[PDB]
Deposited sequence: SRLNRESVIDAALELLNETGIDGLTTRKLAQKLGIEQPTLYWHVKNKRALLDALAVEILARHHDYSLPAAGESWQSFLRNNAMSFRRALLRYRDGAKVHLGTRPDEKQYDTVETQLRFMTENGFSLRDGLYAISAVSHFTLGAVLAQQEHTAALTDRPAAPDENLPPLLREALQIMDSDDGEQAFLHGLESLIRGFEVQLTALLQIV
């Protein structure tokens, strides 16, 4: 079939949902595109190059809150950005693992620069603005990977549970982690705010 960049990425994402990141191979992508492995090679040099592109294209296609709205507070921006980032990572099997270890791509430079600038224009130093963006990013990726990797490992396999653990697993498994993620996200944003507002005051 068609091997332009957009068609390759469509087929790779389709394959990702069927196989997960570990079982995703260029050999299985060739089968799905109806081509021989050396044909695919001209287009897609290895698995690493494929994963690097998927990580970019998943946010391009499905992360619709990269940028603040005109006049939006930094608190509201981080909340909306994290909810969007989370949605985009969950939309594909092993989506957080696909994002992990990447750094912003050249196609993302204007986006991420605007996010860092916006934090500095709302009274954060670059460093404190970066620490908040990194904390939100790590917390959101951690929460998604815990969800996704939990699903995954459920293709492996106690009445011996002590009672608070038993109840805690009941609670954790009552949604895709949305409740726990949103509660933690408010805690993190509020902690950022207490720090920003404090200036040089002992806090």
How would you list, in order, the spans of the deposited sequence that the model does not cover?
158-161
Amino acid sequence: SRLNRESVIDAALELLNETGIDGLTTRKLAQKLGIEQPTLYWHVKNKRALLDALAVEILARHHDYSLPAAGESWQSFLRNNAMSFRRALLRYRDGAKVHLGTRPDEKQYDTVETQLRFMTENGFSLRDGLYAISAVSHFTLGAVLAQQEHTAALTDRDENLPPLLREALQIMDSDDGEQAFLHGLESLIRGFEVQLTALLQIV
From here on, numbers count along this sequence of modelled residues.
Mean Cα B factor from the PDB record: higher for 52-60, or higher for 163-171?
163-171
Quick one: higher average CA temperature factor, 2-10 or 194-202?
194-202
Of the residues 140, 66, 151, 39, the one whose Cα carries the largest B-factor in the deposited record is 151
Quick one: classify residue 102 as lowest, middle or highest third of the chain based on its Cα B-factor.
highest
With respect to C-alpha B-factor, does residue 24 fall in the lowest, middle or highest third of the chain as deposited?
highest
